[PDB]
Amino acid sequence: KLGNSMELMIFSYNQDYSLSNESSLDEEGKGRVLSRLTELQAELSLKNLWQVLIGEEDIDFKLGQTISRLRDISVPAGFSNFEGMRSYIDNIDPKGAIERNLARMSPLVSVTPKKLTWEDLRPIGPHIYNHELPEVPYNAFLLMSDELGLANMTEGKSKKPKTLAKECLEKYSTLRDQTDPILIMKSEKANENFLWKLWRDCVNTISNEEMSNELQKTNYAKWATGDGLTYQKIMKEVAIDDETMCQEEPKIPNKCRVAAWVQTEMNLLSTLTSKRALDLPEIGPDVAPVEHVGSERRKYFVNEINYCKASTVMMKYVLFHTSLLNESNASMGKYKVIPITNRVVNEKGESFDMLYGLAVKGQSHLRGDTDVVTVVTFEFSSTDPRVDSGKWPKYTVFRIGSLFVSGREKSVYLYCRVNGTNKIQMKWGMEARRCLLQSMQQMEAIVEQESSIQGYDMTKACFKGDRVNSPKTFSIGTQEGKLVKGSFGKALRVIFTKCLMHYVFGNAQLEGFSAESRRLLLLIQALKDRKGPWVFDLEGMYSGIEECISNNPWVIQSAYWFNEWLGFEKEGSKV
Amino acid sequence: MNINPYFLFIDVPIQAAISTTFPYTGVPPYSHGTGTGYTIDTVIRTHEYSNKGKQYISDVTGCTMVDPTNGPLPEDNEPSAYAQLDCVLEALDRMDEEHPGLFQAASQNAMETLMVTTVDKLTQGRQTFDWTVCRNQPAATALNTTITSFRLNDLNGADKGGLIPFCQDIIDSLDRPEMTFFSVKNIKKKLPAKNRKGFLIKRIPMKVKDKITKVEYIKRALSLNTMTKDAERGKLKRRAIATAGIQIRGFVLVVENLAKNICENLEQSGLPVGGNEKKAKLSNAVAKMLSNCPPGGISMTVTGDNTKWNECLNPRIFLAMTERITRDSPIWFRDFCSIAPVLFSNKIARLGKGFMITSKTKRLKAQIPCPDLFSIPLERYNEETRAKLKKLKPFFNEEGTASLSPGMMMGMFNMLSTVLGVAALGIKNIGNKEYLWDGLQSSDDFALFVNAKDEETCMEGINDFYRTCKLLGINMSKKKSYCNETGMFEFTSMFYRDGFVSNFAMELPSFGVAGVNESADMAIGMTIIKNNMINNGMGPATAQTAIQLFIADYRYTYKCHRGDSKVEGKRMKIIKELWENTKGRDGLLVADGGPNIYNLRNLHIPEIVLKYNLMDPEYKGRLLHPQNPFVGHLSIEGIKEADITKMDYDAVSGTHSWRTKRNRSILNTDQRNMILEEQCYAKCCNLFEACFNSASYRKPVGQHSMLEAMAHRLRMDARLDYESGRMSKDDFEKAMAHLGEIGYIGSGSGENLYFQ
Amino acid sequence: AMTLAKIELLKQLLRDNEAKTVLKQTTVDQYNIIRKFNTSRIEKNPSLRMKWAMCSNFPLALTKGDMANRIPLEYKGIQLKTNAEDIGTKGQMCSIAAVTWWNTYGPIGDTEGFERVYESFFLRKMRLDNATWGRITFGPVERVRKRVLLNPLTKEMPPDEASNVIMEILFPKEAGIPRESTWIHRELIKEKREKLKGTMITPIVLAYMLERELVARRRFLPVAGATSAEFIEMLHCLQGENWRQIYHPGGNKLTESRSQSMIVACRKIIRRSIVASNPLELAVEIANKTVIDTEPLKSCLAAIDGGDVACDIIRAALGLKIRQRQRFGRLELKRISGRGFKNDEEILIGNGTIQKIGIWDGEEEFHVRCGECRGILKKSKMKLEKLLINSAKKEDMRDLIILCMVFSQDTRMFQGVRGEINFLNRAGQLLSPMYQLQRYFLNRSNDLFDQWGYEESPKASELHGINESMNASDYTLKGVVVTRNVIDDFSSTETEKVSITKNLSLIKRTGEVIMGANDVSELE
RNA sequence: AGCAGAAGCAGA
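Method of determination, as given in the entry header: X-ray crystallography; reported resolution: 4.100 Å.

Here you go:
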């Protein structure tokens, strides 16, 4: 209010002061004032009058033309202006309106309740049983049960990936020197020459004195990764006048039927082996009693998973996506070669190094998240692809050689495939270790519940069995139409596999399926405990689930397992 | 022997073993391409459920408006938006005499809150649509652009400080004939390239000045920017969400604070609580409804869920809710609350980026914008897009936007929509019949508890409830929901079985790396394990594993493996030399290739404090160097809180507490001019912090100018520093002279008046 | 001195015409807006972005300075940092190795006082080291979802008070107002001052680390047994759903320290003040000049948000909020619905005497607690329509049912009175009608349950009824029900202002009372 | 080609 017309002199009762530098008030006078002010402040607070005082230093909101007229048109139907709605709402009495409005509404508006019974619950997704459709193919990123690792003894410490790939190929020279193969099975639109001439260029560039693992920018590689296949960005003005330019009818996932290989995958991944793959680092010393129990439990839980086959598969996916994400950023526009690495330890405590195949990296100028790098996967395998012909339409397979597995020979097969992934999947690949926790937490809860009842640690009792209690037995699966019993450790490996399979085939079909199926599972739980469950639109639930099933293998096999689980609950419900 | 995982559920019940049903290790679906197709779909779907009502043209905006409220009552089970004002008012009248004094008290506290709430409260709202540039900016930016923009039109509102005069200017800015504002325009500059054509478009942006007409501005103010929702779990098809403008925010927070002050004093609300506080208050409320089960009678629970919740509601209903809720409060506040609905009642919907067309023969592609979307024969679009554009026609506007009166755009009035869903539960009984209902409500997700003599009568109570919901513009999902006798149900994705069961897989994504920095992510990862041990039923063995699984991935993420291992890398080469140089190796951090000391017992304690005494004196002096170069200028929000989907962690100011580049940006956009804009504010703030040491901690208050203050402060600092004996007469008169100039500089009006 | 160097920099900003118009136009208020201002896009999925960027060449951003230049360009064929200067800052960037190099070969820094700065964290390590670990016990534990303090404090205060302490520690010139109930922590301030003097760590951090050990972090947790911070911090290890673990801490005695004393102090001020006439005037003149250790009782009762009843009574007498709750002897009630008119009437009771009672009229509902048992009440005019309780201690399950039947004012309660009921308190004064009925029915419980009568039990899965003996039965008391489901804790977050009577009874603004003097606990 | 899935990436 004064700009800089006068020299201000601010004094406060509670000992504050603001003054100019050029002002000529000495320390003497400043005292006289501030002392007198506080002297009055004390005499006010003593006789209670300090909050009453109004000092020297001591609501309006209305609307304009535009917003008023906006409000006036924002009323419910029937009303003229806002002032009408305001004064209506404030002064009228609406009692008894709901009852009148419900009465004059049509009875067609209802929930249509029907009590839930067992024969109402038909199998979900009838089209998977039909043989006329083609069976679901192997659409995962890497091989799982069909893998084959090339072994190698090592000193027992980390080493570069090219040096590891060289030493592994050095030992098995019969396979490395193959420049004269036999063709087994082919894909629909693939090329055998370019795929094989890649593989040879991978082997040559790996097995040499040089440091650089860069693959040369060859015309056979240009096709395999996809060079110049992007559509060029022309301007909008040109596209409008052009008539042949249209919005393409987008591809729907092709409808497929059940396949037997997913059952086999679930079986073989759950099975035990002598190998142990996990790379879990150390922790601190176990001081507290709880930490001893946790470490005691871990020894059983962890190793029971570690021995299993799914654990060996998991660490392959992780360390591959770990190195793939690194190469995609450091060398963006360079055709590189990456090996399929995994470290292993066996029962005796000796260090092995595995090599399941090679992988050619494509051009990875990745700006966005969804942007797709193209990877070409060359993988070793014992399995013959002509056993299940419908399993390998996407893959191109070669026959390179033979290996002494133990007693008799086994045929070696190199599985070629053009593949793709993105920064997202590479991130979730690195964080795919957590399948342990999802499965382990579930089984640890069962142990704690058991230990709560009796009053001591039941970890030993559940796995192996001890003095009083027998081993804990879960219903693990079926054998041509009857129930089968399995041990505690097997149930851990089953759930751990399921958890891993969520990542392998993780896409929109899985998320949408598991969410809608979970509702139907809860209804089946209500029937088991006898809680008289009710449903409103049963076909609505089924219609929501059935559209999720198309070409995702785990979804289709889960649908088959669900219907078999539903059928064996009907038999169990009658008793 | 064939294996089956679902057979697990024979021995174990499903709720206790629900963790297995959620595939949260797996990859969620992301957004490919544009979201215009989904945006149009929702624009239709919203109008589809309200097409029977009155259609009319807005005299202000000049758009196609639809109004289903007090419309015809439906004669079918398809979704309905045709709410009845009379019913909503009765539901509230029922609710008021149940909780007498609530409605006026919530209006008092929300008002006495507003009276103090300052403009800067708007700063904390993450994403915001900045009308000045037609792009999504971060809150505090959109605010500051609008503040400076307003000053050009002589709208000095933010200067006063309070939110009221700022919102006064917002509704006064709609009256302005010509709106001048600060804006960004790109400059299409050319460069040489060795790629096919032989040239390259390097887009440089700079700060310019653009003008707009009254009508065009109102349209921009009422706009909402749409997009596709990334990583949406538990759903097959992708859906599109929206973002709000900076103008409407001011009025929203007042109404959401009012609807909060209602929902706090409601037992059936599952809001605004979070974490265990929810689990507790729910288990309390579950009992409150169980108890109503009369003698010799059955109690049932409906696992509720609403479809087309955000699409079938209507601003006009919410507008009545405020005018009801505020009854006793004075006029200005009643007018204030009325705005936030109105601006949604007359809202406009942006249509994203637009579709793209191609030709497989010539291998060419081209983007089709929203304005030039119909300038093209309809046959050239595909079958599903054609039908969408056909029904979009009347609601479409010629400058690339869609009119949209109904709907609430994918969530915004979350609190007050719960109040409406609660008001439905507040009826309880119809026709003096032989049943009673109550329930739990949380936005779209609800859970009804119906009590009756027998379960046949319960269905008639559910049927009446379903029918009463239709009157309020709420659509219960026949397709998805279900019901059963009391014992177990679902609610906000939290399952019940004689008590709310724990579920681990839900929180599984958080266990991984956070993505802030080495020092922070460590303490975060352990704090997640610590919380999940207590809250979500994780045992010690899983927790100990989760420790390993974090450190394992942590090392591969940040490339900081053990010092005694031969993992060859760029950083790892230096770690090995550090491992050899140092004697106290157990005291090293994991980021410096040290060992993981963490275990269940010491999770709550930070890494640096655990190992401090075991470090070398030379190592800690570098690790914890006071003036180290990697931190930068700190804020209290940066050290304490972190982003997860927010939470607060604990850590030390170490060298590993560093920050990122300023995320790249899209294309060769040389953002030189705009980066100076950022630094210009920073340097001022950085100098402001030096003058006013507090600043970062104590948010300072003053209507006067920043400079004007810094002059007056730096004066007095010199005054004191002369008396106490820090500066001499020569250095003092230097300052008083230098400042003298700064005064003349700070009271001019244009040039700096240099001299010779 | 720095003073002059600021002025020179300010003048150098006023050369640039853009920065001039910032400082001219933008307000001190708006400072808080422009500091958060940035360009950029807040990118979704930062964990994805971190893994991606960490693999790249130069993800880190580096602050310019003399200390930045001591980092070299290369080291044994490795690129640490980059030259490419951005035109705005004239500034730089660096790689992951740049930090690792600094920790290896960088310069020494003055790390003196570091222990005292982050003292609040170091006290957690002190607790873990010296703590002895007891035996483990496998058994089912019922976990009460309680409101609890997460982290132990040096001295509990509210944010409003603690800030003005923090100010006078670190920023004594800018603090401004000399407040009443703020400075008197002069022992703590002068202590912190000398401890945090030699260090040269950024103030903003010091303030945050003071706030961590002066402000309450109170959240809801599933808790059983001990309810003290130094336990709660370890809760993850101390207990789970299906197991337990004993633990004894560093053992310096905190949190409970003031909580326990404040209770006793207030209770004992009451017992003395009740007797002599005008208890209020004595309770004030006493509590004003009482002390706990060094703090006057005013600041303790105000700062700590715990207490029992006597605390809240003494609070109200002095003049601060207490908590929006209602108490009746041992019973606790939080209003969840309804509102009633306490209306005077002449009432006949069972024994045959006329007592002048006030009658609560109107439909009501209440969340109710007593001891270890919690539940929900519904009543009307002289009628207990419904009551619910949870499986807990039978002594308290009984008391809860009784005390609800008392305040419900059910006619069946009034008719069940037998004999005379002239009860007195400590001072020798006549208790008011209902406070009399309380102690009669707690003593003679069996007379009530016979008069009440029985009805059918509700057939809902997780419910069952009870009888005179407080045992499971198919019969149930008219209205009362028991449930298997566990119930929420007490839970009373919000706070309210209250007035007080001559007889140390607390009156809500409406006209009713919530906390009576007679409602305290005798336990010493 | 391939990832993928109602629309994009396969350098700008």
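More follows now that the structure is in view.
**Brief notes about the pairing of strand β10 (residues 298-303) of chain B**
Residues and elements named next belong to chain B. Across the 6 residues of β10, 6 count as buried, placing the element largely inside the fold. Here β10 shows a buried face lined by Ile 298, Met 300 and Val 302 and a second buried face lined by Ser 299, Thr 301 and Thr 303. With 6 bridges joining them, β10 and strand β17 (residues 445-452) adopt antiparallel strand pairing. By the bridge assignment for β17, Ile 298 is matched with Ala 452. In terms of strand pairing, β10 meets strand β18 (residues 482-485) through 4 bridges, oriented antiparallel. Bridge assignment links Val 302 to a residue of β18, and that residue is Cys 483.

**Brief notes about the packing of helix α17 (residues 508-528) of chain A against helix α19 (residues 553-574) of chain A**
Residue and element names in this part refer to chain A. Direction vectors running N to C along α17 and α19 enclose 5°, while the axes themselves pass 11 Å from each other. Taken as axis vectors, α17 and α19 run roughly parallel relative to one another. Contacts from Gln 509, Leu 510, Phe 513, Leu 520, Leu 521, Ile 524 and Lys 528 of α17 reach α19 at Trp 554, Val 555, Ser 558, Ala 559, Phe 562, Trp 565, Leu 566 and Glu 569. Of the residues contributing to the contact of α17 with α19, the split by class is 11 nonpolar, 2 polar and 2 charged.

**Regarding helix α15 (residues 455-471) of chain B**
Residue and element names in this part refer to chain B. Here α15 contains 17 residues, and its C-alpha end-to-end distance of 25 Å stays within 8% of the 24 Å for a straight helix at 1.5 Å per residue. By the criterion of burial, α15 is predominantly enclosed, with 15 of the 17 residues buried. Positioned one or two residues after α15, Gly 473 has a phi angle of 75°, which is positive.

**Some thoughts on the interface of chain B and chain A**
Taken together, the contact pairs 178 residues of chain B with 167 residues of chain A. Both sides together, the interface formed by chain B and chain A hides about 16,300 Å², and carbon and sulfur atoms give 61% of it. Notably, a salt bridge pairs B:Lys362 with A:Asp242, separated by 3.8 Å at the nearest N-O pair. Summed over the shared surface of chain B and chain A, the result is 76 residue pairs in polar contact. By residue number, the principal contributor to the side of chain B that touches chain A is helix α17 (residues 540-558) of chain B, which donates 15 residues. Per-class residue counts for the side of chain B that touches chain A are 89 nonpolar, 44 polar and 45 charged.

**Regarding the sheet that holds strand β24 (residues 506-507) of chain C**
Ordered by their spatial adjacency, 3 strands build an open sheet running β23-β24-β25 (chain C), and the pairing between neighbours is antiparallel. Of all strands in the sheet, those bounded by a partner on one side alone are β23 (499-500) and β25 (513-515) of chain C.

**So, the UniProt feature "binding site: CTP" (unreviewed entry) in chain B**
Residue and element names in this part refer to chain B. As annotated by UniProt and renumbered to match this structure, "binding site: CTP" (unreviewed entry) occupies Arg 239, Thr 307, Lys 308, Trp 309, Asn 310 and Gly 411. In three dimensions, the annotated residues from a span of 173 residues occupy one location, with a maximal C-alpha spread of 13.7 Å. Topologically, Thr 307 is positioned in the loop between β10 and α10 (309-312). Ignoring anything within four residues of it in the chain, the contact list for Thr 307 reads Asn 475, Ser 477 and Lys 480. Tracing the backbone through its elements, the reader meets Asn 310 in helix α10. Contact partners of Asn 310, with chain neighbours within four places excluded, come to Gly 407, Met 408, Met 409, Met 410 and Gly 411.

**Here we look at unusual backbone geometry**
Residues and elements named next belong to chain B. Cis rather than trans, the peptide bond between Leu 271 and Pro 272 has omega equal to 5°. Tracing the backbone through its elements, the reader meets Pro 272 in the loop between α8 (246-263) and α9 (276-290). In this structure, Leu 667 takes a positive phi of about 80° despite not being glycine.

**Regarding a nonpolar patch on the surface**
Residues and elements named next belong to chain A. Judged by side-chain polarity, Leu 2, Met 6, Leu 8 and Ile 10 come together as a nonpolar surface patch covering roughly 400 Å² of accessible area. Among the secondary structure elements, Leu 2 is positioned in the segment before β1 (10-11). Taking the relative accessible area as the measure of exposure, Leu 2 reaches 38% and is therefore partly exposed.

**Focus: the sheet that holds strand β22 (residues 480-483) of chain C**
Each strand in a sheet pairs with another by means of backbone hydrogen bonds, the pair being arranged parallel or else antiparallel. The 8 strands lie next to each other as β11-β12-β15-β16-β17-β22-β19-β20 (chain C), forming an open sheet whose pairing is mixed. With one partner strand each, in any of the chains shown, β11 (326-328) and β20 (472-473) of chain C form the two edges of the open sheet.

**Brief notes about the state of the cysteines**
Following the criterion strictly, the structure yields 0 disulfides over all chains and no others. B:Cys167 forms no disulfide, and the closest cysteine sulfur to it belongs to B:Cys337, at a distance of 11 Å. With no disulfide of its own, C:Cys300 has C:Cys266 as its nearest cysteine by sulfur position, at a separation of 9.2 Å.

**A look at the pattern of salt bridges**
This structure, assessed with the given rule, holds 97 salt bridges over all chains. Close ionic contact of A:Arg386 with A:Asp384 constitutes a salt bridge, the shortest N to O distance being 3.8 Å. By relative accessible area, which is 54% here, A:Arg386 ends up exposed. Counted as one network, the salt bridges with shared partners bring together A:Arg71, A:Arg86, A:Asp90, B:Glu323, B:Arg334 and B:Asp335.

**Structural notes on the domain arrangement of chain B**
Residue and element names in this part refer to chain B. Under the domain assignment used here, chain B contains domain 1 (30-265 + 307-412), domain 2 (266-306 + 413-500), domain 3 (501-660) and domain 4 (661-742). On a C-alpha basis, the centroid separation for the pair domain 1 and domain 2 is 31 Å. Taken together, the contacts link 40 residues of domain 1 with 36 residues of domain 2. Both sides of the domain 1 and domain 2 interface together cover about 3,200 Å² of buried area, and 67% of this is carbon and sulfur. Counting every contact that joins domain 1 to domain 2 gives 1 salt bridge. If you list the elements that add at least two residues to the side of domain 1 that touches domain 2, you get α3 (85-98), α8, α10, α11 (315-325) and α12 (331-345). Class assignment for the residues of the side of domain 1 that touches domain 2 results in 25 nonpolar, 8 polar and 7 charged.

**A look at the interface of chain C and chain B**
At the junction of the two partners, chain C supplies 140 residues and chain B supplies 175 residues. Both sides together, the interface formed by chain C and chain B hides about 14,800 Å², and carbon and sulfur atoms give 62% of it. In this assembly, chain C and chain B are joined by 9 salt bridges. Put simply, C:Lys51 and B:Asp553 hold a salt bridge, and the shortest N to O gap is 2.6 Å. A breakdown of the residues in the side of chain C that touches chain B according to their chemical character gives 72 nonpolar, 30 polar and 38 charged.

**Let's talk about the packing of helix α4 (residues 102-114) of chain B against α8(B)**
Angle between the axes and distance between the axes: these two values describe a pair of packed helices. Residue and element names in this part refer to chain B. Relative to each other, α4 and α8 sit at 140°, their axes nearing to 8 Å. It follows from the interaxial angle that α4 and α8 lie oblique. The two elements α4 and α8 cross, and the hand of that crossing is right-handed. Contact residues: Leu 102, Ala 106, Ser 107, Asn 109, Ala 110, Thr 113 and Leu 114 in α4; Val 254, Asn 257, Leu 258, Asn 261 and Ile 262 in α8. Grouping the constituent residues of the contact of α4 with α8 by class yields 7 nonpolar, 5 polar and no charged.

**A word on the environment of A:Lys410**
Residue and element names in this part refer to chain A. As for its placement among the helices and strands, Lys 410 is situated in strand β11 (residues 409-422). For the pair formed by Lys 410 and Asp 180, sequence separation is 230 residues and the distance between their alpha carbons is 19 Å. Residue contacts for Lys 410: discarding those within four places in its chain leaves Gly 401, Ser 402, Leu 403 and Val 405.

**Remarks on the protein's contact with RNA strand D**
Residues and elements named next belong to chain A. In the vicinity of RNA strand D lie 39 residues, with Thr 225, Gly 226, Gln 363, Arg 417 and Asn 551 positioned nearest. Sugar plus phosphate, as a fraction of atoms of RNA strand D within 4 Å of the protein: 54%. One of the side-chain N or O atoms of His 365 is found 3.4 Å from a base nitrogen in RNA strand D. Looking at the surface near RNA strand D, the elements that each hand over two or more residues are α8 (219-225), β9 (372-381) and β11. Within the surface near RNA strand D, the residues separate by chemical class into 12 nonpolar, 19 polar and 8 charged.

**Here we look at the environment of B:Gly539**
In this structure, B:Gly539 sits in the loop between α16 (518-534) and α17. The buried category is assigned to B:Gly539, whose relative accessible area is 3%. What B:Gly539 contacts, discounting residues up to four positions off in sequence, is A:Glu444, A:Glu448 and B:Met533.

Cut-offs used in this document
- As drawn, each chain counts its residues from 1 in written sequence order, possibly unlike the entry's numbers, and residues without coordinates are not displayed.
- Chain labels run from A onward and ligand labels from 1 onward, assigned in the order the entries are written.
- A larger assembly contains the chains shown, and all values are computed for the shown part only.
- Only hydrogens and water are set aside; all other atoms, that is, all heavy atoms of the structure, feed into the side-chain values.
- Residues with missing side-chain atoms are left out of burial classes, side-chain pairs and their counts.
- Buried, partly exposed and exposed residues are distinguished by accessible area as a fraction of the type maximum, computed with a 1.4 Å probe on protein chains only: under 20%, between the cut-offs, and over 50%, respectively.
- For helices the rule is a DSSP run of H or I covering at least 4 residues; for strands it is a run of E covering at least 2, with both sets numbered from the N terminus onward.
- Two strands qualify as a pair provided that DSSP identifies no fewer than 2 bridges between them.
- The convention used is that axes are lines fitted to C-alpha atoms, helices contributing only their stretch in contact, and that angles between N-to-C directions extend from 0 to 180 degrees.
- By the definition adopted for this analysis, an angle is roughly parallel if under 35 degrees, roughly antiparallel if over 145, roughly perpendicular if from 65 to 115, and oblique otherwise.
- Residues count as neighbours in contact if any of their non-hydrogen atoms are within 4.5 Å of one another.
- Basically, the charged four are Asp, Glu, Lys and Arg, the nonpolar ten are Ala, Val, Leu, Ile, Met, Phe, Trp, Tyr, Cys and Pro, and anything else, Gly included, counts as polar.
- In this scheme, a helix's expected span is set at 1.5 Å multiplied by one less than its residue total.
- Reported buried area values correspond to the accessible surface (1.4 Å probe) lost by two parts on association, with both partners' losses combined.
- Salt bridges are counted wherever a side-chain nitrogen of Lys or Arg sits within 4 Å of a carboxyl oxygen of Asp or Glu.
- N or O atoms closer than or at 3.5 Å make up a polar contact, with two conditions inside protein: a donor-capable atom paired with an acceptor-capable one, and, for residues adjacent in sequence, both atoms drawn from side chains.
- UniProt positions are given in the numbering used here, feature names are shortened, and annotations may be inferred rather than shown by experiment.
- Patch membership requires over 30% relative accessible area and the absence of a salt bridge. Like charges are linked within 9 Å, and nonpolar side chains (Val, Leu, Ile, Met, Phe, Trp, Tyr) within 5 Å.
- Here the open area of atoms and residues is found with the Shrake-Rupley method and a 1.4 Å probe, where only the protein chains shown may cover a residue.
- Two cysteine sulfurs form what is called a disulfide whenever their separation falls within 2.5 Å.
- The split of the chain into domains comes from an automatic or database domain assignment.
- Crossings are classed by handedness, with left-handed meaning an anticlockwise turn of the near helix from the far one by less than a right angle and right-handed meaning a clockwise turn.
- By convention in this text, a residue qualifies as near a molecule or strand provided that one of its non-hydrogen atoms is within 4 Å of it.

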